[PDB]
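> Below are the structure tokens for one structure; questions will follow.
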Amino acid sequence: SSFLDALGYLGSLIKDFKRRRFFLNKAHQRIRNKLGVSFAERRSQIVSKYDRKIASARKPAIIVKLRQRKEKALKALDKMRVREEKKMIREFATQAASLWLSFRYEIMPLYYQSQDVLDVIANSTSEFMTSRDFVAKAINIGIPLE
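Residue 252 in the deposited numbering is what sits at position 9 of the sequence shown, and the numbering runs on without skipping anything.
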């Protein structure tokens, strides 16, 4: 009568873990939604630049050069966004490392008091009680008188 209800407080801890992971996950990839939007908008800026340049080109060599430049710019955008994918991976891994490892912090004590009550009960149980005595009751054998 102690651990009876002390063990119940872990549910608050479990729900809090869920809430923290919950709000991290909602926050994560949301900032990354915004980052993907920013990269798509910079790419749209590049696309607008090249479309205006091609519209004003009116020459075959200029058009081909602008095609090559647009290809190069899209490739640079893709490389930067791949580095960004690495960044999402690394950020999210760090976030999980930080927020999870908060789990052990108060998980390990509860388990420890669990061992405490366990071995206290074993103390109250494991006795192997005994009761001993000795005595010196002599043994007699009759002897022939002859």
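Think of the CB as a built atom: it goes at the ideal place given N, C-alpha and C, for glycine as much as any other residue.
According to the Cβ coordinates, are residue 445 and residue 316 closer than 7 angstroms?
Any answer about residue 445 is impossible in this case: the structure gives the chain only from 244 up to 389.
> Taking residue 266 as the reference, give the member of 380, 335, 354, 363 with the closest Cα.
On the sequence shown, residue 266 is found 23 positions in, with the first residue counted as 1. Ranking 380, 335, 354, 363 by Cα distance to residue 266 puts 335 first.
> Does the separation of the CB atoms of residue 296 and residue 309 fall below 7 angstroms?
Here residue 296 is taken as the residue at index 53 of the sequence shown, counted from 1. Here residue 309 is taken as the residue at index 66 of the sequence shown, counted from 1. Yes; because the gap between Cβ atoms is below 7 angstroms, this pair is in contact.
> Between residue 260 and residue 360, is the Cβ-Cβ spacing less than 7 angstroms?
To locate residue 260, count along the sequence shown from 1; it is residue 17. To locate residue 360, count along the sequence shown from 1; it is residue 117. Their beta carbons are not under 7 angstroms apart, which means residue 260 does not touch residue 360 by this criterion.
> Could you tell me the distance, in whole angstroms, from the CA atom of residue 369 to the CA atom of residue 271?
As a first step, residue 369 must be located in the sequence shown, where it is residue number 126. As a first step, residue 271 must be located in the sequence shown, where it is residue number 28. Going from the Cα of residue 369 to the Cα of residue 271 covers about 53 angstroms.
> Go through its chain and collect everything with a Cβ distance to residue 349's Cβ below 8 angstroms, but skip five positions before and after it.
On the sequence shown, position 106 is the one that residue 349 refers to. Only 256 meet the Cβ criterion.
> Rounding to the nearest angstrom, what Cα-Cα distance links residue 314 and residue 305 in this structure?
Along the sequence shown, read from residue 1 onward, the residue named residue 314 stands at position 71. Along the sequence shown, read from residue 1 onward, the residue named residue 305 stands at position 62. Computed Cα separation, rounded: 14 angstroms.
> Pull up the distance between the alpha-carbon of residue 376 and that of residue 357, whole angstroms please.
By one-based count along the sequence shown, residue 376 stands at place 133. By one-based count along the sequence shown, residue 357 stands at place 114. Spanning the two alpha carbons is a distance of roughly 40 angstroms.
> What residues in its chain sit with their C-beta under 6 angstroms from that of residue 286, if we drop five residues either side in the sequence?
For the purposes of this step, residue 286 is taken as residue 43 along the sequence shown, with counting starting at 1. Cβ neighbours of residue 286 beyond the five flanking positions: 320.
> Using 7 angstroms as the threshold, is the C-beta distance between residue 263 and residue 342 below it?
Against the sequence shown, residue 263 aligns to sequence position 20. Against the sequence shown, residue 342 aligns to sequence position 99. Result yes, Cβ atoms of residue 263 and residue 342 sit closer than 7 angstroms.
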